[PDB]
Amino acid sequence: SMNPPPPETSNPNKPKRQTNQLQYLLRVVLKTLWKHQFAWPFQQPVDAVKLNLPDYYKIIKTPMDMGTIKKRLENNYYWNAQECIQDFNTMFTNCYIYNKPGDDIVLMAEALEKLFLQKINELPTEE
Ligand SMILES: CCS(=O)(=O)Cc1cnc(Oc2ccc(F)cc2F)c(-c2cc(C)c3n2CC=NC3=O)c1
């Protein structure tokens, strides 16, 4: 029940790097999913307290949300686009695990994972 501490967004000793693709993940991919009608549930960590889901963090062990993605991008916390894409994947996977097919939150996710996959089909090249 009690809310764990969010995932970190800055880490002095982690190798950081700004690539063209990482720039794209924030400027085009993150910031177009953000505006979607179904983004809001995923714009910050899940508050198992506010929602009264004391079991969320007992089932979800790697939490992830577009809020901590947007914070990680803007902090250039990532080394390459793939680790940022992995955090999106974890976010969706989390939602399909704690929930079951047909739930409204899954519908929002399944959709967002569709929009996400369509937007990252074509990433920029490196200089
Ligand atoms: C994120 C801060 S917050 O204060 O908690 C706002 C918030 C409100 N409602 C939520 O659930 C629904 C969201 C839309 C629905 F149509 C129906 C929900 F039950 C959620 C939320 C986000 C995520 C990933 C999940 N949930 C709920 C259950 N499982 C989840 O995996 C979050």
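What counts and how
As a numbering rule, every chain is indexed from 1 in the order its sequence is written, which need not reproduce the entry's residue numbers; residues that lack coordinates are not presented. For the side-chain quantities, the full set of heavy atoms in the structure was used; hydrogens and water were omitted. Residues with missing side-chain atoms are left out of burial classes, side-chain pairs and their counts. Where helices are involved, their axes are fitted lines through C-alpha atoms of the stretch in contact, as for all axes, and angles between N-to-C directions lie from 0 to 180°. In this text, helices come from DSSP runs of H or I with a minimum length of four residues, and strands from runs of E with a minimum of two, each type numbered from the N-terminal end. Angles below 35 degrees are treated as roughly parallel, those above 145 as roughly antiparallel, those between 65 and 115 as roughly perpendicular, and all remaining angles as oblique. Crossing handedness is defined as follows: a turn of the near helix away from the far one that is anticlockwise and smaller than a right angle gives a left-handed crossing, while the clockwise case is right-handed. Contacts: residue pairs with any heavy atoms within 4.5 Å of one another. In this classification, the charged set is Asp, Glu, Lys and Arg, the nonpolar set is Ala, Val, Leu, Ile, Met, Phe, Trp, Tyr, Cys and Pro, and all remaining amino acids, among them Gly, are polar. Nearness is judged by heavy atoms alone; a residue qualifies as near a molecule or strand once a single heavy atom is within 4 Å of it. Between N or O atoms, a polar contact is any pair within 3.5 Å; within protein, one atom must be a potential hydrogen donor and the other a potential acceptor, and residues adjacent in sequence are included only when both atoms are from side chains. All accessible areas in this document rest on Shrake-Rupley with a 1.4 Å probe, and a residue is counted as covered only by the protein chains that are shown. Points on a 1 Å grid, built from protein atoms alone, make a cavity when a 1.4 Å probe fits but cannot get out and make a pocket when they are open with protein on both sides within 12 Å along at least 5 of 7 lines; residues with an atom within 4 Å of a point are the lining residues. A molecule is said to be in a cavity or pocket once over half of its atoms fall within 2 Å of that pocket's grid points. Definition used in this section: a nonpolar core is a set of buried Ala, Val, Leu, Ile, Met, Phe, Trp, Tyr and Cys residues joined via side-chain atoms within 4.5 Å. A simple rule labels every residue: compare its accessible area, found with a 1.4 Å probe on the protein chains alone, to the largest value its type can have, and call it buried under 20%, exposed over 50%, or partly exposed in between.

- The name given to the chain in the PDB entry is Bromodomain-containing protein 4, with the source organism recorded as Homo sapiens.
- This entry's official PDB title is "BRD4 Bromodomain1 with an inhibitor".

Looking at the packing of helix α4 (residues 81-98) against helix α5 (residues 104-120)
Next up, step 1: Where α4 contacts α5, the two axes come as close as 9 Å, and the packing angle between them is 155°. The pairing of α4 with α5 is recorded here as roughly antiparallel in orientation. For the pair α4 and α5, the sense of crossing is left-handed. Where α4 approaches α5, its residues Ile 85, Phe 88, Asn 89, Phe 92, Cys 95 and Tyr 96 are matched on the opposing element by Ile 105, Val 106, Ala 109, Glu 110, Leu 112, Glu 113, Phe 116 and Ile 120.
Next up, step 2: Tallied by class, the residues present in the contact of α4 with α5 amount to eleven nonpolar, one polar and two charged.

Re the site of the ligand
Next up, step 1: In the region of the ligand, 15 residues are neighbours, and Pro 41, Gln 44, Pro 45, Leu 51 and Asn 99 sit closest.
Next up, step 2: At 3.2 Å from a nitrogen atom of the ligand is found a side-chain nitrogen or oxygen belonging to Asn 99.
Next up, step 3: Isolated, the ligand exposes 630 Å² of accessible area, and the fraction of that covered by the protein chains is 76%.
Next up, step 4: With respect to the pocket detection grid, the ligand is positioned in the largest pocket.

Here's the deal with the nonpolar core
Next up, step 1: Counting residues in each nonpolar core, the largest one holds 29 residues, and the members touching the most others are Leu 25, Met 66 and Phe 88.
Next up, step 2: Broken down by secondary-structure element, the contributors of at least two residues to this core are α1 (20-33), α3 (66-74), α4 and α5.
Next up, step 3: Excluding its chain neighbours within four sequence positions, the residues that come into contact with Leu 25 are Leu 30, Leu 73, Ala 81, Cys 84, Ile 85, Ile 120 and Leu 123.

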